[PDB]
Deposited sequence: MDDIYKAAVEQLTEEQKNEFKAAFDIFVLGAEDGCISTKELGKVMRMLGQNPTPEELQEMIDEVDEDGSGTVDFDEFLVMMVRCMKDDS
C-alpha cells in the first residue's frame, strides 16, 4: 500500500472499507477490471453519501492519482471528501 495512502486509510473502520468496496464493485466488472472511470468516481462517492463538487473531483484526480481510479485511490478520495461535511 502506498505509505501516504496508508493513513488516509487508517481513518476508516474495517466495516467502512467493506461498505465502500461493495459500492465500488457495482461500477466495475471485477472479474476483469480494477478501476472505475473518472466519470464513475463521483457516482460511487454519491452512492456512499458524499457530494463532491466538479472542481473538487478534478482536483482529487490531479493530487491522488498514481482517466482511472482503483480501489485504494478511491479510499483516499473518500477520506478527503468525508472531511468537508458541514
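Asker: Quick one: where does the model skip the deposited sequence?
Answerer: Unmodelled stretch: 67-69 only.
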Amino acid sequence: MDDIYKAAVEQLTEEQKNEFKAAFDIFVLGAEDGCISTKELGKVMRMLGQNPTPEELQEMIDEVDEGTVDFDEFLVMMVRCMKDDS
From here on, numbers count along this sequence of modelled residues.
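Asker: Per the record, averaged over C-alpha atoms, which has the higher B-factor: 12-20 or 70-78?
Answerer: Between 12-20 and 70-78, it is 12-20 that shows the higher mean C-alpha B-factor.
Asker: On mean Cα temperature factor in this entry, is 57-65 or 34-42 the higher one?
Answerer: The recorded data point to 57-65.
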